[PDB]
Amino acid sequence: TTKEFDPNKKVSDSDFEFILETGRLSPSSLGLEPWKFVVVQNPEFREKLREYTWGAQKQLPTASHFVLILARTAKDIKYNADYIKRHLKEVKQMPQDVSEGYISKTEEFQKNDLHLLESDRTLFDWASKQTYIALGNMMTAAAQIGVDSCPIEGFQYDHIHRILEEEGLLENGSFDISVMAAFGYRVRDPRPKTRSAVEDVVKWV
């Protein structure tokens, strides 16, 4: 938990590549990797975002690196989307017949196991969940090399969506904003962590 960074201490290229790499190598439901990591270093772009990111008033100006994590939309991660076909063939190297079975399974999973086809937002939120795995792993990776981080949800979706859309970063409706993340070196010690009593959040069966 850091809210503010040292604006003059930058995470090295190769430390940041390690953070991004732990994101890329994160697991995802069905191996679909329904994410994109947009690293926003451009000062002016940060300032546009900051106007609608109440939760990053200090983080955006000071962060060494700032990441928008995008999740795939229903357009791309519904069972029968082309993104999934390309993904299974080109990344997972799945034969055509193996991929047909995999897609069938994906279909049954989405429709009847988790009821993801209720709405386009339900599918989006499923893909977004996968991005929170990457988020956690990227923050943990950072911490392991002495790099502080802050997850950021405090933004006005409508504005952020507009800004990213105009910028072309959502790739004709393939993506939407999932969550943001600032990385850098803290300028002060964090609030000491408070957490629920162990017996309130753990039960053994």
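In this text, residue numbers run from 1 along the sequence as written.
Stretch with the higher entry mean CA B-factor, where the candidates are 138-146 and 172-180 | That would be 138-146.
Looking at the entry, does 44-52 or 26-34 show the higher mean C-alpha B-factor?
-> The stretch with the larger mean CA B-factor is 44-52.
Could you look up the Cα B-factor of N80 in the entry and say which third of the chain it sits in: lowest, middle or highest?
-> It falls in the middle third of the chain.
Consider only the C-alpha atoms of the modelled residues in this chain, order them by B-factor as the entry records it, and name the third containing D97: lowest, middle or highest.
-> As the PDB entry reports it, the C-alpha B-factor of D97 lands in the highest third of its chain.
What third of its chain's C-alpha B-factors does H115 belong to: lowest, middle or highest?
-> Lowest third, going by the recorded CA B-factors of the chain.
Grab the CA temperature factor for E90 from the record and place it in the lowest, middle or highest third of its chain.
-> Within its chain, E90 is a highest-third residue by C-alpha B-factor, going by the deposited values.
Sorting the chain's modelled residues by C-alpha B-factor, tell me whether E166 ends up in the lowest, middle or highest third.
-> Highest third of the chain for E166's C-alpha B-factor.
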